[PDB]
Structures are given as structure tokens and as C-alpha cells.
Amino acid sequence: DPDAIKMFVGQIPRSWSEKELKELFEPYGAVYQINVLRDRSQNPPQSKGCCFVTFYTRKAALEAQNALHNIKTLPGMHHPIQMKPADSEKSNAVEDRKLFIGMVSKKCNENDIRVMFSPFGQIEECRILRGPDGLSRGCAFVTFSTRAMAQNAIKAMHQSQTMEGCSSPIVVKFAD
RNA sequence: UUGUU
């Protein structure tokens, strides 16, 4: 129950409650919890035609999705069930690991940055913001695998040095 | 021109 994946499901009839939904999902594995997305803006509160299903096992979720997503169609819907891991399940977010690197020497490239930031973690992707058909814009984006990696790269290398052609010491901060 | 494709 530590690797479970909450699944967003869509296009289910608005008349269906947790009962019918549970009856739908249980053939694919045991269900820990299930909740219809409700609208309480006005009376009576109504279903949003979607729900969250939380299986006990990861296997149950992956399989249920594999056999339901774009396959199954509920009475009486015009479109197949849509099913995907829920937004609340995003333990890892690139936006919280991506590091903006300003005041980079215009001469530098991808690898030149890569070697500079290698000791603090493992790079997912390394890029040089540049152009449009000009040269480098003196700055780069760098994604680290963990987040603590980036939080190390910052403390260790923010304004650690001034590079070639640059007016101010290098900046290392989380991307906006 | 400190530049966040």
C-alpha cells in the first residue's frame, strides 16, 4: 500500500455514485477508497462525471487502467472511459527541480555547464537558452534528478565565480 | 544591458 497510484477516471455517468463505481472497479483488484468529484456551487450538489479510485495495489491500478482507458464505455456514454494517475500523485515535479543558471559565459555550451554542475547530482537534461538565430543568451536551464541535488548546487555555486564576458557572478536559482 | 524557449 506504499506504491499505490490514485487514478482519475472520467466520462462516467453523473447518476453513478460510489456504489456503482466500486462495483465497476472491484473486478480489477481490491479498492481502498473511491470518491465522485462533486459540484457544490449550487443545489442540488451534482457529480462531475468523474471520480478518484484508489486501489490497494499498484498492479490493480495499472491493469484496470490498461483494460479501461479508451476501451470501456459506460451506459450510456458516447466516449470510452478516460483513466490516468491523479494529479495529487505527482511526488516528482520538474518545476521544483529545474534550475535557472544566469550569468553564464556566452561561449559556454551544454557540456561546459554539465561538468560544472555534475558533482552535485545527476543531470536529467541540460540546455542553453539562446538565439533566436543569434548566439547564447548567457543563461541555461538544468534539471536534476533529486531536488536536494539542486539545493546543493545552489548553496555551493550561487555567485561562486564570474565567467567570461559576464558583468556579474554566476546566478544559480530555481526556475520561475 | 540580469538574460527564465
# chains A, B, ... in the order shown; residues from 1 in each chain; ligands from 1
>>> closest_atom_pairs(of="chain B", to="chain A", cutoff="7 Å", atoms="only C-alpha atoms (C1' of nucleotides)", output="CSV")
residue,atom,partner,partner_atom,distance
B:3,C1',A:137,CA,5.4
B:4,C1',A:176,CA,6.3
B:5,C1',A:129,CA,6.5
>>> select_by_dssp(residues="segment 25-145 of chain A", states="alpha helix (DSSP H)", output="VMD selection string")
chain A and resid 25 58 to 68 110 to 117
>>> write_last_selection(atoms="N, CA and C atoms", output="mmCIF file, in the first residue's frame")
data_model
loop_
_atom_site.group_PDB
_atom_site.id
_atom_site.type_symbol
_atom_site.label_atom_id
_atom_site.label_comp_id
_atom_site.auth_asym_id
_atom_site.auth_seq_id
_atom_site.Cartn_x
_atom_site.Cartn_y
_atom_site.Cartn_z
ATOM 1 N N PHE A 25 -15.082 -1.145 -10.474
ATOM 2 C CA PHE A 25 -13.630 -1.243 -10.335
ATOM 3 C C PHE A 25 -13.123 -2.499 -9.630
ATOM 4 N N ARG A 58 -0.629 -1.329 -6.708
ATOM 5 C CA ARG A 58 -0.246 -0.603 -7.910
ATOM 6 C C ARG A 58 -0.648 -1.409 -9.138
ATOM 7 N N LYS A 59 -0.465 -2.722 -9.034
ATOM 8 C CA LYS A 59 -0.788 -3.657 -10.103
ATOM 9 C C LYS A 59 -2.245 -3.528 -10.533
ATOM 10 N N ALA A 60 -3.138 -3.490 -9.548
ATOM 11 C CA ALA A 60 -4.568 -3.359 -9.804
ATOM 12 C C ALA A 60 -4.875 -2.092 -10.592
ATOM 13 N N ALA A 61 -4.220 -0.994 -10.230
ATOM 14 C CA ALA A 61 -4.444 0.287 -10.891
ATOM 15 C C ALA A 61 -3.933 0.281 -12.329
ATOM 16 N N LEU A 62 -2.685 -0.144 -12.502
ATOM 17 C CA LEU A 62 -2.065 -0.206 -13.822
ATOM 18 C C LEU A 62 -2.871 -1.086 -14.775
ATOM 19 N N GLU A 63 -3.309 -2.243 -14.284
ATOM 20 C CA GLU A 63 -4.096 -3.170 -15.092
ATOM 21 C C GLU A 63 -5.496 -2.646 -15.404
ATOM 22 N N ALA A 64 -6.186 -2.171 -14.369
ATOM 23 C CA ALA A 64 -7.517 -1.585 -14.528
ATOM 24 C C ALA A 64 -7.483 -0.509 -15.601
ATOM 25 N N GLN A 65 -6.502 0.385 -15.499
ATOM 26 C CA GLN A 65 -6.291 1.428 -16.499
ATOM 27 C C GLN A 65 -6.017 0.858 -17.889
ATOM 28 N N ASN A 66 -5.124 -0.123 -17.962
ATOM 29 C CA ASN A 66 -4.755 -0.726 -19.244
ATOM 30 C C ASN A 66 -5.948 -1.355 -19.960
ATOM 31 N N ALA A 67 -6.908 -1.849 -19.184
ATOM 32 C CA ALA A 67 -8.078 -2.522 -19.741
ATOM 33 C C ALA A 67 -9.310 -1.617 -19.822
ATOM 34 N N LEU A 68 -9.213 -0.414 -19.261
ATOM 35 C CA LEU A 68 -10.351 0.505 -19.233
ATOM 36 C C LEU A 68 -10.140 1.746 -20.090
ATOM 37 N N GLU A 110 26.380 23.242 -23.649
ATOM 38 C CA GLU A 110 25.739 22.174 -22.878
ATOM 39 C C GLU A 110 26.704 21.438 -21.931
ATOM 40 N N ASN A 111 27.742 20.826 -22.493
ATOM 41 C CA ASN A 111 28.710 20.053 -21.707
ATOM 42 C C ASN A 111 29.505 20.911 -20.733
ATOM 43 N N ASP A 112 29.817 22.135 -21.150
ATOM 44 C CA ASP A 112 30.584 23.067 -20.329
ATOM 45 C C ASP A 112 29.855 23.389 -19.026
ATOM 46 N N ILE A 113 28.527 23.395 -19.089
ATOM 47 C CA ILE A 113 27.684 23.607 -17.919
ATOM 48 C C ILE A 113 27.577 22.297 -17.148
ATOM 49 N N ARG A 114 27.375 21.230 -17.913
ATOM 50 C CA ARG A 114 27.194 19.887 -17.383
ATOM 51 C C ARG A 114 28.313 19.469 -16.430
ATOM 52 N N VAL A 115 29.559 19.719 -16.827
ATOM 53 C CA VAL A 115 30.709 19.407 -15.980
ATOM 54 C C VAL A 115 30.713 20.265 -14.713
ATOM 55 N N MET A 116 30.309 21.524 -14.852
ATOM 56 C CA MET A 116 30.253 22.438 -13.718
ATOM 57 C C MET A 116 29.269 21.960 -12.658
ATOM 58 N N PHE A 117 28.138 21.404 -13.088
ATOM 59 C CA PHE A 117 27.112 21.006 -12.120
ATOM 60 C C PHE A 117 27.027 19.507 -11.816
#
>>> atom_distance(atom1="atom CA of residue 84 of chain A", atom2="atom CA of residue 44 of chain A")
28.4 Å
>>> select_by_dssp(residues="chain A", states="strand (DSSP E)", output="ChimeraX atom specification")
/A:7-10,31-39,46-55,82-85,98-102,123-130,136-144,171-174
>>> atom_distance(atom1="atom CA of residue 158 of chain A", atom2="atom CA of residue 109 of chain A")
18.7 Å
>>> residues_around(residues="residue 52 of chain A", least_positions_apart="2", cutoff="6 Å", atoms="only C-alpha atoms (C1' of nucleotides)", output="number ranges by chain")
A: 7-8, 34-35
>>> closest_residue(among="A:166, A:173, A:118, A:31", to="residue 1 of chain B", atoms="only C-alpha atoms (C1' of nucleotides)")
A:166
>>> residues_around(residues="residue 4 of chain A", least_positions_apart="2", cutoff="6 Å", atoms="only C-alpha atoms (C1' of nucleotides)", output="number ranges by chain")
A: 1-2, 57-58
>>> closest_residue(among="A:39, A:3, A:165, A:10", to="residue 72 of chain A", atoms="only C-alpha atoms")
A:10
>>> atom_distance(atom1="atom CA of residue 152 of chain A", atom2="atom CA of residue 119 of chain A")
9.6 Å
>>> closest_residue(among="A:151, A:123, A:106, A:5", to="residue 163 of chain A", atoms="only C-alpha atoms")
A:106
>>> residues_around(residues="residue 76 of chain A", least_positions_apart="4", cutoff="12 Å", atoms="only C-alpha atoms (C1' of nucleotides)", output="list in words")
residues 11, 12, 13, 14, 15, 16, 72, 80 and 81 of chain A
>>> write_last_selection(atoms="N, CA and C atoms", output="short mmCIF file (atom, residue, chain, number, x, y, z; two decimals), in the first residue's frame")
data_model
loop_
_atom_site.label_atom_id
_atom_site.label_comp_id
_atom_site.auth_asym_id
_atom_site.auth_seq_id
_atom_site.Cartn_x
_atom_site.Cartn_y
_atom_site.Cartn_z
N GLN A 11 -15.72 10.71 -17.61
CA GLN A 11 -16.79 10.38 -18.56
C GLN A 11 -17.85 9.43 -18.01
N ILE A 12 -17.74 9.07 -16.73
CA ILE A 12 -18.75 8.24 -16.09
C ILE A 12 -20.06 9.00 -15.94
N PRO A 13 -21.18 8.30 -16.11
CA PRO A 13 -22.50 8.93 -15.96
C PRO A 13 -22.66 9.65 -14.62
N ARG A 14 -23.27 10.83 -14.66
CA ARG A 14 -23.41 11.67 -13.47
C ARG A 14 -24.37 11.08 -12.44
N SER A 15 -25.12 10.05 -12.84
CA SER A 15 -26.06 9.40 -11.94
C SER A 15 -25.36 8.36 -11.07
N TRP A 16 -24.20 7.91 -11.51
CA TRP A 16 -23.44 6.89 -10.78
C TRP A 16 -22.81 7.44 -9.51
N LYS A 72 -13.24 0.69 -22.35
CA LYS A 72 -14.58 0.53 -21.79
C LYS A 72 -15.43 1.79 -21.99
N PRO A 80 -15.38 6.44 -24.63
CA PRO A 80 -14.70 5.48 -23.77
C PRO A 80 -14.24 6.10 -22.45
N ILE A 81 -14.07 5.28 -21.41
CA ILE A 81 -13.53 5.74 -20.13
C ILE A 81 -12.15 6.34 -20.32
#
